[PDB]
Structure formats: structure tokens, C-alpha cells
Amino acid sequence: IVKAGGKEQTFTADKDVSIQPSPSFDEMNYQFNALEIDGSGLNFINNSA
Amino acid sequence: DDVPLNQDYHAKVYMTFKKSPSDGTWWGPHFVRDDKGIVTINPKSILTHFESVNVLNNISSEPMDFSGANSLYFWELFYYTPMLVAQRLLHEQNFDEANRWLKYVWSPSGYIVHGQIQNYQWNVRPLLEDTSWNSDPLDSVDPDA
Amino acid sequence: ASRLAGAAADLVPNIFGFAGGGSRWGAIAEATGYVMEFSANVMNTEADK
Amino acid sequence: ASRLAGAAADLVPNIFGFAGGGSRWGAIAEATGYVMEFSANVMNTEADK
Amino acid sequence: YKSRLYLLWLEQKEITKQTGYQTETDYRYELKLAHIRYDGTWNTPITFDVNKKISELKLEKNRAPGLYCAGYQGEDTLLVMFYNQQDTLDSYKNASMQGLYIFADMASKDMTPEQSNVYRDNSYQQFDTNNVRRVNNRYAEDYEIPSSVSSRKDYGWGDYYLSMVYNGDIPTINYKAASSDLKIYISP
Amino acid sequence: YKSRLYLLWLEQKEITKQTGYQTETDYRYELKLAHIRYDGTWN
Amino acid sequence: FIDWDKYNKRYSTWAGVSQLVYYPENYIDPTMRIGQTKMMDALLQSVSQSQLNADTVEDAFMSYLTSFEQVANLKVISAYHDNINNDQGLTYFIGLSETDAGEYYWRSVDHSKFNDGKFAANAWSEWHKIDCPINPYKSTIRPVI
Amino acid sequence: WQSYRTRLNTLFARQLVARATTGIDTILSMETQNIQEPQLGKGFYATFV
């Protein structure tokens, strides 16, 4: 879930991960792809968002 | 290598154990790297001995090694220096200041970093992950070894 | 003040003619080192007082 | 740091023209000797503390 | 530079060119760079030979070149640029820059002219003119976004404390800034 | 100067002009200025 | 019987050595250590007085961290490997500090303590400061045994 | 060595400066001990389960 300003964007591993991790209780790593976030709408307070 | 020996596969990792103590033809992940830096596994490879093999393409660095070349200096910074100071403050009856230097190694109450208690208990990373850094402790009678 | 004045005077050249130069280039670094070594003597003198 | 900086500055030549040179060739050895003699003073100062 | 205070100063030495019969007074230039240490002491200054670059600036005699020096978080490097000082800031929009990179290990590298024109266009309004002494800000072009984020701000346990989502990171952050829109590309 | 004692002295250095074949002794001048501090030492 | 006169002749020295594999922490001193660097010795001296304020201790730590940074940023120039072939013996390295009129350091690694694709942490020695007035041309400097 | 690459230096002190700007609490923290060191030349990381 990416809250960058006005509306939030939700990216999900079924659509945005190329290689699914193996099922494990130890560690499951979900390496997502390059997710594009619209930054127009960031509220800059003291020149920073 | 900068130039591979085999064009089909740039590196071959395989696994041996008691039942299969031998190299086999395509019996491990054979890694191939493109002109762009993406490393992928050659699909002719047989991955039976492994649960899975995952190439970490976005990772170009590793955490610092508490068993590497400079492991003496890392252990001195994060373990031996707070222990020497807290021992030295304890001898001088400076109890509040001795306490905060022991907590640089171990807080039995935990650690709060920006208003949230942390998951770890031991502030030194090779004490959490029990990281041996002397392979020959019984060469001499050293308690530290 | 005595040691900084000597550093400023040793940075100007003192050889003229068909050969030039003679500036002691490490004069400020030598003067700073003498003042620090003398400051160590003063701190021992002040502590003995 | 003050004494190594002065050794590095005294190794460059300071005479130019039809005569050249003027590098103090023993500048690093002189700087190393001053740091060792000063380290002996610090160890006596630290032991007196 | 990398959250440490650095001093960077131009230093002059007079040499003696021979012109045979006679000889002649001449000057050469060098760039010194020192930084503060953890205990408040300063390191030895590191010398960079910039004499060729001060010569490409066609400076009048007894006039120091302009010196731009700024840190730059993306591409961790110290940007050092030399320029012939002018009267107005708009004279700097086409001026030639003699720049060089300084890295953390004190290795240096010259800027190509097309490369220092980029740093000129985003920082010429911080350059000194003949009458105004200006202060340099750290370098940016329109945005300053980290290349990767590895430290969390917050975590929470799973239901019944059986699992947690933890030790992730965003190892790759890119951005494409165009007019009136910003597109941030993360690879978490 | 401004109720502080200042010393001001002219100081001479001999330099060596070249006149080529030969060379020649020449003098240059400089003005030095020092003042006393509050603890009696001089700047 | 080699260890008779030191350890096995008396019950006290025997019980001291036999327990040391099981309970080293009874014999570990936070102050003294075998293999302790000169950085830690200078740190111990900086806090070896009675009045240890929090600001006194902090300034001793930042002096330690200054000398830590110096050996951490050593640049390896050249090396020499003592045996006739790479698998055995020691390799001797030469390091350069990040100062003008730089300082030179040496350390060794033992190739016999290379095991399972990785040097053990006790294969490495400390960096040792070389006290000689060294001024190489284009870093044309080599160690040799 | 033959096919192995043994790291000789560290870049820990290069990145410690950012951690050390705000006290001993931040130097001796767990986030400082997760400072990452660059990879040794051409190659890649691979997770073997």
C-alpha cells in the first residue's frame, strides 16, 4: 500500500511478482517489480513530502 | 569472470551429499548472465537436489562480516568497547552511566527506536546470529579464544 | 603569536635572481605543531599548579 | 596530522629557475621522529594522570 | 560531504619560469581539502593539482577564480567547479566551467565539458559575482529522492503473534521527473 | 589608535634584480603594524 | 606430562584449565584480552582514572573511533605470498592510510586456515603500523619475506 | 585466489559518518551493524534453499 499524496495505490503480489517464493515458515521473499507511483499530489510541507 | 569459459552457462553450482557425492551433467543450477546485468538460471539445469534457487538481481551488497578480515575491529567496536567502558564505570561506582553502556550490548528490557519497542534483545548482531569467529580455540589456553 | 609570525615570514621567498623561491612550504604546519606541543607543556604546568 | 602535513609540504621543491630543488629529503623521517618523541611525552603525561 | 565537514581552499605558489636570456615570475595553483575527525581534530589536507584548470579560465592577474563546492546525495561525490567570476549571474549561463569530482577515497576525476554544463545550469545562481558573495547549497536538480530505503519506520505483528512481515526493504528507488508530474519507481 | 598602543615600523628586504648579462642588488619595503593585547602580549 | 609443571601438577591449576573450556566467562576480563589491539589499550588508558563523567567517557570513545576509522580505511597496495605456490603459507599485505605523507601498515593472512571456501577469522593478523620513512613512487612498493 | 574472492578492506567507516552525527546511541545501534559492504567484483547473489 503506497500512500503518496491524495489517493493510495495498492500493488499485489499476484500481478507484480515474477517468481513466486517457495512456501516456507522460515522466510518468504516477495521481490516485486518496478512499481510506478504517481507523485503528482504529494503535499510538500517545508519543501518536503 | 569478465569473459565466461562456457557460452551456454556462466557459472555452475551443484550439491553433493552422501547419496550423491559427485558432479553431474546439468545437475545443479547453471547460471547465465545477459549483456544487461540480469543473471538467470539456464532452464536446461536440473534443480532436483535443491528446494529452490533464487537469483537476487536487485542486491549488490551484503551486510558487514563479523567473521571477515576486519572482524577483530568490528567485535572491538560493538562488543569489547562497551564492555570495557561499563566494567570501568562499574569500578568507579558510576552506576547510572555503567548501566547505559551495558545496554549498548544487552538491554533486558529491550530497545525503543523512535517510539516503538524493537524485536531484538541483544544489541550486537553476532550475538543474535551466533557467529563463530575463531576456528581454533584450543590451540592455547585463552578464555577469550 | 611569536610562532605564527615566524610562519608568515617563512612563506615569502628568500632566494632572488636567476634562481627564485626558498619559501618553507610547511611553515604553518610546523608552527601549528609547535603551538600544540607547547600547549601540552602548559597544561602540565597548569595541572602542577 | 600537523607534523605529517609539514613533511608532505617540505618534499616538494621550493627553488625554481636556473637552479632547482630544495626538497628536504629527510622530512618524513624527521616528522616520524617528532611524533615518536611527542608520543613519549604523552605516555608520561597519561601515566601522571 | 557525507555528513562530515570539509574545508576546500585554493592555494597559490609562485614559481620562476626561465625565458632564455632572462627569467620570469609565474604562479601555479593547487586545491587543498581537509576534513574534521570524530574527536574534533582535522585531518591532513589532501592536495589536488588544478593548475591546468585555472589556466583554462582566462583570469586577469591577481584575481582569484570562482569556486563552487557542493555535496550531492545521488551519486555520492563532492562537486568542485571553477569559474571566471563575472558581474551578473546571467553571464554564467553560457560560461565555461572547470570542474572536477572528488570521491570519498580522495580520488579525483575531471568533469567533461558536457558534464559540468549540467551542474552549471542547476547551480549558477549560487555562484559569486564580482560584487556579491553567495552561499552554495548542496546540489540538486528539481528533486532529491533516496536511491533505496532499507530501514523501516514501523512494524507490527501478525494476528496471535505467530508471524510478522519484517526485514523487507526497497532496494531500488528511481524517479522520472517531467513537467508537472513525478513518477517514482520502487522495487520493494 | 582607538586607545590601544600600536607599533608601526618600516622594514627593508634586499632582493636581486636581473639586468640581462649580470644581476643587481635591489631593495623592497614593507610596513609592519602590531598592537598590544589586554594581557600585555603583542599581536 | 608436558603440561605437568604448569597445569597438571596441582589440583588448582588443573581445575582452572579444565573449567576454562566449559566456563570461560569466569576468566574473561572486559579490561584485559589476549589479542587486544593498541586501539583498545589506548582506550583503557583514557578511562583509567577515578572521575569518569559521561562527557569524559564520550570523549574517550570518539578518540577510539577516530583511530578506528584510520585502520578501517586502509587501502591495500600490494602483497607477497611466502610459499612457492598459492595454497599454503602466508600472504603479507601492505596498507596505506588516507593522509598526505601517508602511513604504511602491514598484515598477514594464513592460507592454511582457509576452510570450506572461506578464511577463518583467526587467519588474519592485525594491521601493524610500519615506522619507516617510506615514500614510494606511484605506489611501487612490495613486501617480501 | 583460485576462484575465491576475499574482501580486504571495509567501507564501514565511510558510512559510519552518517550514523555518528547523532551520538553514541546511534553508533552502537543495530541499524549501524546492518551497514552493507559492496560486492566483490562481477557476480551476483543467489539464495539456495
# chains A, B, ... in the order shown; residues from 1 in each chain; ligands from 1
>>> closest_atom_pairs(of="chain B", to="chain G", cutoff="6 Å", atoms="only C-alpha atoms", output="tab-separated table")
residue	atom	partner	partner_atom	distance
B:67	CA	G:121	CA	5.0
B:68	CA	G:121	CA	5.7
B:83	CA	G:30	CA	5.6
B:84	CA	G:30	CA	4.9
B:133	CA	G:121	CA	5.1
B:134	CA	G:122	CA	5.4
B:143	CA	G:24	CA	4.8
>>> write_last_selection(atoms="N, CA, C and O atoms", output="short mmCIF file (atom, residue, chain, number, x, y, z; two decimals), in the first residue's frame")
data_model
loop_
_atom_site.label_atom_id
_atom_site.label_comp_id
_atom_site.auth_asym_id
_atom_site.auth_seq_id
_atom_site.Cartn_x
_atom_site.Cartn_y
_atom_site.Cartn_z
N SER B 67 32.99 -12.16 10.70
CA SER B 67 33.97 -13.22 10.60
C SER B 67 34.98 -12.97 9.50
O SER B 67 35.76 -13.87 9.18
N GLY B 68 34.98 -11.79 8.91
CA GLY B 68 35.84 -11.48 7.80
C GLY B 68 37.22 -11.03 8.24
O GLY B 68 37.69 -11.37 9.32
N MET B 83 31.83 -3.15 26.67
CA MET B 83 32.11 -3.97 27.84
C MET B 83 33.24 -3.40 28.67
O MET B 83 33.19 -3.48 29.90
N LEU B 84 34.27 -2.86 28.02
CA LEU B 84 35.38 -2.30 28.77
C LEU B 84 34.96 -1.04 29.50
O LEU B 84 35.39 -0.79 30.62
N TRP B 133 33.89 -16.74 15.36
CA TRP B 133 34.98 -16.07 14.68
C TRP B 133 36.33 -16.49 15.22
O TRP B 133 37.26 -15.68 15.24
N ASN B 134 36.46 -17.73 15.64
CA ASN B 134 37.74 -18.33 15.96
C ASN B 134 37.59 -19.82 15.74
O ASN B 134 36.88 -20.48 16.49
N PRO B 143 40.84 -17.84 27.58
CA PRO B 143 39.39 -17.85 27.77
C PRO B 143 38.65 -17.05 26.72
O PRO B 143 37.52 -17.39 26.37
#
>>> residues_around(residues="residue H:48", least_positions_apart="2", cutoff="9 Å", atoms="only C-alpha atoms", output="mmCIF file with C-alpha atoms, in the first residue's frame")
data_model
loop_
_atom_site.group_PDB
_atom_site.id
_atom_site.type_symbol
_atom_site.label_atom_id
_atom_site.label_comp_id
_atom_site.auth_asym_id
_atom_site.auth_seq_id
_atom_site.Cartn_x
_atom_site.Cartn_y
_atom_site.Cartn_z
ATOM 1 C CA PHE B 50 17.610 -28.060 -4.228
ATOM 2 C CA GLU B 51 14.294 -26.886 -2.890
ATOM 3 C CA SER B 52 14.651 -23.696 -4.934
ATOM 4 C CA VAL B 53 17.393 -21.490 -6.339
ATOM 5 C CA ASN B 54 16.668 -17.764 -6.489
ATOM 6 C CA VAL B 55 18.922 -15.172 -8.092
ATOM 7 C CA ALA H 46 21.860 -16.346 -5.088
#
>>> residues_around(residues="residue D:3", least_positions_apart="5", cutoff="8 Å", atoms="only C-alpha atoms", output="PyMOL selection string")
(chain C and resi 29-30+33) or (chain D and resi 31+34-35)
>>> write_last_selection(atoms="N, CA, C and O atoms", output="PDB file, in the first residue's frame")
ATOM      1  N   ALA C  29      52.258  24.513   9.118  1.00  0.00           N
ATOM      2  CA  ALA C  29      52.074  23.218   9.759  1.00  0.00           C
ATOM      3  C   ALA C  29      53.117  22.984  10.838  1.00  0.00           C
ATOM      4  O   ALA C  29      52.838  22.336  11.850  1.00  0.00           O
ATOM      5  N   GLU C  30      54.321  23.513  10.645  1.00  0.00           N
ATOM      6  CA  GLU C  30      55.341  23.416  11.678  1.00  0.00           C
ATOM      7  C   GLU C  30      55.015  24.330  12.846  1.00  0.00           C
ATOM      8  O   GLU C  30      55.246  23.978  14.006  1.00  0.00           O
ATOM      9  N   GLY C  33      52.215  22.827  14.875  1.00  0.00           N
ATOM     10  CA  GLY C  33      52.694  21.714  15.669  1.00  0.00           C
ATOM     11  C   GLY C  33      53.468  22.158  16.892  1.00  0.00           C
ATOM     12  O   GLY C  33      53.404  21.524  17.940  1.00  0.00           O
TER      13      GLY C  33
ATOM     14  N   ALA D  31      59.669  13.971  10.575  1.00  0.00           N
ATOM     15  CA  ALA D  31      58.314  14.055  11.100  1.00  0.00           C
ATOM     16  C   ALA D  31      57.961  12.830  11.916  1.00  0.00           C
ATOM     17  O   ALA D  31      57.272  12.935  12.934  1.00  0.00           O
ATOM     18  N   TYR D  34      59.628  13.225  15.300  1.00  0.00           N
ATOM     19  CA  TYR D  34      58.981  14.180  16.193  1.00  0.00           C
ATOM     20  C   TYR D  34      57.710  13.609  16.792  1.00  0.00           C
ATOM     21  O   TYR D  34      57.361  13.926  17.931  1.00  0.00           O
ATOM     22  N   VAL D  35      57.002  12.779  16.037  1.00  0.00           N
ATOM     23  CA  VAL D  35      55.776  12.183  16.548  1.00  0.00           C
ATOM     24  C   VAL D  35      56.097  11.136  17.606  1.00  0.00           C
ATOM     25  O   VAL D  35      55.392  11.018  18.613  1.00  0.00           O
TER      26      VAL D  35
END
>>> select_by_dssp(residues="chain D", states="alpha helix (DSSP H)", output="ChimeraX atom specification")
/D:2-9,27-48
>>> select_by_dssp(residues="chain H", states="strand (DSSP E)", output="list in words")
residues 36, 37, 38, 45, 46, 47 and 48 of chain H
>>> closest_residue(among="A:38, A:48, A:2, A:30", to="residue A:15", atoms="only C-alpha atoms")
A:30
>>> closest_residue(among="H:35, H:24, H:30, H:40", to="residue H:9", atoms="only C-alpha atoms")
H:40
>>> closest_residue(among="E:166, E:21, E:108, E:43", to="chain D", atoms="only C-alpha atoms")
E:43
>>> interface_residues(of="chain E", to="chain C", cutoff="8 Å", atoms="only C-alpha atoms", output="PyMOL selection string")
chain E and resi 14-16+22-23
>>> write_last_selection(atoms="N, CA and C atoms", output="mmCIF file, in the first residue's frame")
data_model
loop_
_atom_site.group_PDB
_atom_site.id
_atom_site.type_symbol
_atom_site.label_atom_id
_atom_site.label_comp_id
_atom_site.auth_asym_id
_atom_site.auth_seq_id
_atom_site.Cartn_x
_atom_site.Cartn_y
_atom_site.Cartn_z
ATOM 1 N N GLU E 14 54.245 30.684 -6.070
ATOM 2 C CA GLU E 14 54.941 31.365 -7.146
ATOM 3 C C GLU E 14 56.183 30.581 -7.524
ATOM 4 N N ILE E 15 56.331 30.342 -8.817
ATOM 5 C CA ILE E 15 57.464 29.629 -9.369
ATOM 6 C C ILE E 15 58.196 30.604 -10.266
ATOM 7 N N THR E 16 59.242 30.139 -10.930
ATOM 8 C CA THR E 16 60.094 31.019 -11.709
ATOM 9 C C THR E 16 60.329 30.369 -13.060
ATOM 10 N N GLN E 22 66.660 35.990 -19.874
ATOM 11 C CA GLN E 22 66.193 36.264 -18.525
ATOM 12 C C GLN E 22 65.295 35.150 -17.989
ATOM 13 N N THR E 23 64.711 35.411 -16.821
ATOM 14 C CA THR E 23 63.729 34.541 -16.198
ATOM 15 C C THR E 23 62.553 35.379 -15.705
#
>>> atom_distance(atom1="atom CA of residue B:120", atom2="atom CA of residue G:56")
29.5 Å
>>> atom_distance(atom1="atom CA of residue E:128", atom2="atom CA of residue E:98")
15.2 Å
>>> residues_around(residues="residue F:41", least_positions_apart="3", cutoff="12 Å", atoms="only C-alpha atoms", output="short mmCIF file (atom, residue, chain, number, x, y, z; two decimals) with C-alpha atoms, in the first residue's frame")
data_model
loop_
_atom_site.label_atom_id
_atom_site.label_comp_id
_atom_site.auth_asym_id
_atom_site.auth_seq_id
_atom_site.Cartn_x
_atom_site.Cartn_y
_atom_site.Cartn_z
CA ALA C 1 51.81 34.97 18.29
CA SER C 2 55.57 34.55 18.03
CA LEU F 5 49.06 51.11 21.72
CA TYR F 6 50.22 50.30 18.20
CA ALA F 34 51.43 45.39 15.66
CA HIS F 35 49.37 46.19 18.74
CA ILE F 36 49.32 45.25 22.37
CA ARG F 37 46.62 42.96 23.76
CA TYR F 38 44.75 43.07 27.04
#
>>> interface_residues(of="chain G", to="chain H", cutoff="8 Å", atoms="only C-alpha atoms", output="list in words")
residues 58, 69, 72, 73, 74, 75, 76, 86, 117, 118 and 119 of chain G
>>> write_last_selection(atoms="N, CA, C and O atoms", output="PDB file, in the first residue's frame")
ATOM      1  N   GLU G  58      32.513   9.746  26.809  1.00  0.00           N
ATOM      2  CA  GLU G  58      32.162  10.024  25.422  1.00  0.00           C
ATOM      3  C   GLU G  58      33.362  10.500  24.623  1.00  0.00           C
ATOM      4  O   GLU G  58      33.547  10.090  23.473  1.00  0.00           O
ATOM      5  N   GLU G  69      38.637   4.577  12.590  1.00  0.00           N
ATOM      6  CA  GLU G  69      38.406   4.980  11.212  1.00  0.00           C
ATOM      7  C   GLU G  69      39.685   4.911  10.402  1.00  0.00           C
ATOM      8  O   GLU G  69      39.657   4.656   9.197  1.00  0.00           O
ATOM      9  N   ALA G  72      40.334   1.387   9.437  1.00  0.00           N
ATOM     10  CA  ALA G  72      39.248   0.846   8.636  1.00  0.00           C
ATOM     11  C   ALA G  72      39.345   1.300   7.197  1.00  0.00           C
ATOM     12  O   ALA G  72      38.903   0.590   6.293  1.00  0.00           O
ATOM     13  N   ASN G  73      39.924   2.467   6.954  1.00  0.00           N
ATOM     14  CA  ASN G  73      40.046   2.985   5.607  1.00  0.00           C
ATOM     15  C   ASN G  73      41.411   2.742   5.005  1.00  0.00           C
ATOM     16  O   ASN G  73      41.847   3.525   4.160  1.00  0.00           O
ATOM     17  N   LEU G  74      42.099   1.687   5.413  1.00  0.00           N
ATOM     18  CA  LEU G  74      43.374   1.369   4.797  1.00  0.00           C
ATOM     19  C   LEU G  74      43.162   0.816   3.402  1.00  0.00           C
ATOM     20  O   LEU G  74      42.302  -0.030   3.167  1.00  0.00           O
ATOM     21  N   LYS G  75      43.949   1.321   2.471  1.00  0.00           N
ATOM     22  CA  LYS G  75      43.935   0.876   1.091  1.00  0.00           C
ATOM     23  C   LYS G  75      45.079  -0.096   0.890  1.00  0.00           C
ATOM     24  O   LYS G  75      46.235   0.253   1.129  1.00  0.00           O
ATOM     25  N   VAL G  76      44.761  -1.304   0.449  1.00  0.00           N
ATOM     26  CA  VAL G  76      45.762  -2.330   0.196  1.00  0.00           C
ATOM     27  C   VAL G  76      46.505  -1.966  -1.084  1.00  0.00           C
ATOM     28  O   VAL G  76      45.889  -1.794  -2.134  1.00  0.00           O
ATOM     29  N   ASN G  86      50.262 -21.029  -4.185  1.00  0.00           N
ATOM     30  CA  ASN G  86      49.295 -20.175  -3.507  1.00  0.00           C
ATOM     31  C   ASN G  86      48.550 -20.838  -2.364  1.00  0.00           C
ATOM     32  O   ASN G  86      47.965 -20.127  -1.548  1.00  0.00           O
ATOM     33  N   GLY G 117      35.895 -22.779   1.589  1.00  0.00           N
ATOM     34  CA  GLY G 117      35.625 -21.618   0.778  1.00  0.00           C
ATOM     35  C   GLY G 117      35.693 -20.290   1.483  1.00  0.00           C
ATOM     36  O   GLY G 117      35.214 -19.296   0.936  1.00  0.00           O
ATOM     37  N   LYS G 118      36.309 -20.222   2.653  1.00  0.00           N
ATOM     38  CA  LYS G 118      36.259 -19.027   3.474  1.00  0.00           C
ATOM     39  C   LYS G 118      37.427 -19.028   4.442  1.00  0.00           C
ATOM     40  O   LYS G 118      37.712 -20.046   5.070  1.00  0.00           O
ATOM     41  N   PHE G 119      38.112 -17.896   4.555  1.00  0.00           N
ATOM     42  CA  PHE G 119      39.103 -17.749   5.606  1.00  0.00           C
ATOM     43  C   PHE G 119      38.429 -17.706   6.959  1.00  0.00           C
ATOM     44  O   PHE G 119      37.425 -17.017   7.144  1.00  0.00           O
TER      45      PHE G 119
END
>>> residues_around(residues="residue H:38", least_positions_apart="5", cutoff="8 Å", atoms="only C-alpha atoms", output="list in words")
residues 60, 61 and 62 of chain B; 11 of chain H
>>> write_last_selection(atoms="C-alpha atoms", output="compact mmCIF listing (two decimals), in the first residue's frame")
# COMPACT_ATOMS: atom_id res chain seq x y z
CA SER B 60 24.56 -5.71 -4.95
CA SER B 61 25.83 -5.65 -1.37
CA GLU B 62 25.99 -7.79 1.74
CA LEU H 11 33.69 0.67 3.63
>>> interface_residues(of="chain A", to="chain H", cutoff="12 Å", atoms="only C-alpha atoms", output="compact mmCIF listing (two decimals) with N, CA and C atoms, in the first residue's frame")
# COMPACT_ATOMS: atom_id res chain seq x y z
N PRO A 21 7.82 -17.00 -4.35
CA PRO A 21 8.69 -17.72 -3.43
C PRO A 21 8.13 -19.08 -3.07
N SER A 22 9.03 -19.97 -2.67
CA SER A 22 8.61 -21.27 -2.20
C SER A 22 7.93 -21.13 -0.85
N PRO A 23 6.94 -21.96 -0.55
CA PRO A 23 6.29 -21.88 0.76
C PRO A 23 7.23 -22.32 1.87
N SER A 24 7.34 -21.49 2.89
CA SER A 24 8.24 -21.78 4.00
C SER A 24 7.75 -21.03 5.22
N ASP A 26 10.11 -20.32 7.43
CA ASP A 26 11.32 -19.58 7.74
C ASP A 26 11.28 -18.18 7.14
N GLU A 27 11.10 -18.11 5.83
CA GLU A 27 11.25 -16.87 5.10
C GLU A 27 10.61 -17.01 3.74
N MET A 28 9.77 -16.05 3.39
CA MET A 28 9.21 -15.98 2.05
C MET A 28 9.47 -14.59 1.53
N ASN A 29 10.26 -14.48 0.48
CA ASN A 29 10.67 -13.19 -0.07
C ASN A 29 9.87 -12.93 -1.33
>>> interface_residues(of="chain B", to="chain E", cutoff="10 Å", atoms="only C-alpha atoms", output="count of residues only")
10
>>> atom_distance(atom1="atom CA of residue E:176", atom2="atom CA of residue A:37")
10.4 Å
>>> decode(residues="stretch 1-47 of chain C", atoms="C-alpha atoms", output="compact mmCIF listing (two decimals), in the first residue's frame")
# COMPACT_ATOMS: atom_id res chain seq x y z
CA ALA C 1 51.81 34.97 18.29
CA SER C 2 55.57 34.55 18.03
CA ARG C 3 55.23 31.24 16.24
CA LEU C 4 52.54 32.39 13.82
CA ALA C 5 54.60 35.47 12.96
CA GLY C 6 57.53 33.27 12.07
CA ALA C 7 55.36 31.07 9.87
CA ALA C 8 54.14 34.09 7.94
CA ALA C 9 57.68 35.30 7.38
CA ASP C 10 58.98 31.93 6.18
CA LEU C 11 56.34 31.65 3.46
CA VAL C 12 57.75 34.52 1.41
CA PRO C 13 60.66 33.60 -0.88
CA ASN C 14 64.17 34.48 0.24
CA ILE C 15 66.12 33.48 -2.88
CA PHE C 16 66.10 36.01 -5.70
CA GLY C 17 67.78 36.42 -9.05
CA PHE C 18 68.22 33.69 -11.63
CA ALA C 19 67.03 31.20 -9.05
CA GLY C 20 63.90 32.05 -7.11
CA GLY C 21 61.96 30.81 -4.15
CA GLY C 22 63.05 29.39 -0.83
CA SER C 23 59.65 29.52 0.82
CA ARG C 24 59.34 26.99 3.61
CA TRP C 25 56.06 25.48 2.49
CA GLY C 26 55.44 23.58 5.69
CA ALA C 27 55.87 26.64 7.87
CA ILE C 28 52.27 26.95 9.05
CA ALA C 29 52.07 23.22 9.76
CA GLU C 30 55.34 23.42 11.68
CA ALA C 31 54.11 26.44 13.62
CA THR C 32 50.80 24.76 14.44
CA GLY C 33 52.69 21.71 15.67
CA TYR C 34 54.95 23.76 17.92
CA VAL C 35 51.99 25.55 19.48
CA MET C 36 50.25 22.24 20.19
CA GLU C 37 53.38 20.71 21.71
CA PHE C 38 53.81 23.80 23.84
CA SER C 39 50.14 23.71 24.85
CA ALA C 40 50.75 20.24 26.24
CA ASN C 41 53.54 21.66 28.39
CA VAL C 42 51.29 24.46 29.63
CA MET C 43 48.53 22.03 30.58
CA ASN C 44 51.02 20.01 32.60
CA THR C 45 52.31 23.23 34.14
CA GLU C 46 48.79 24.38 34.95
CA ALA C 47 47.91 20.99 36.42
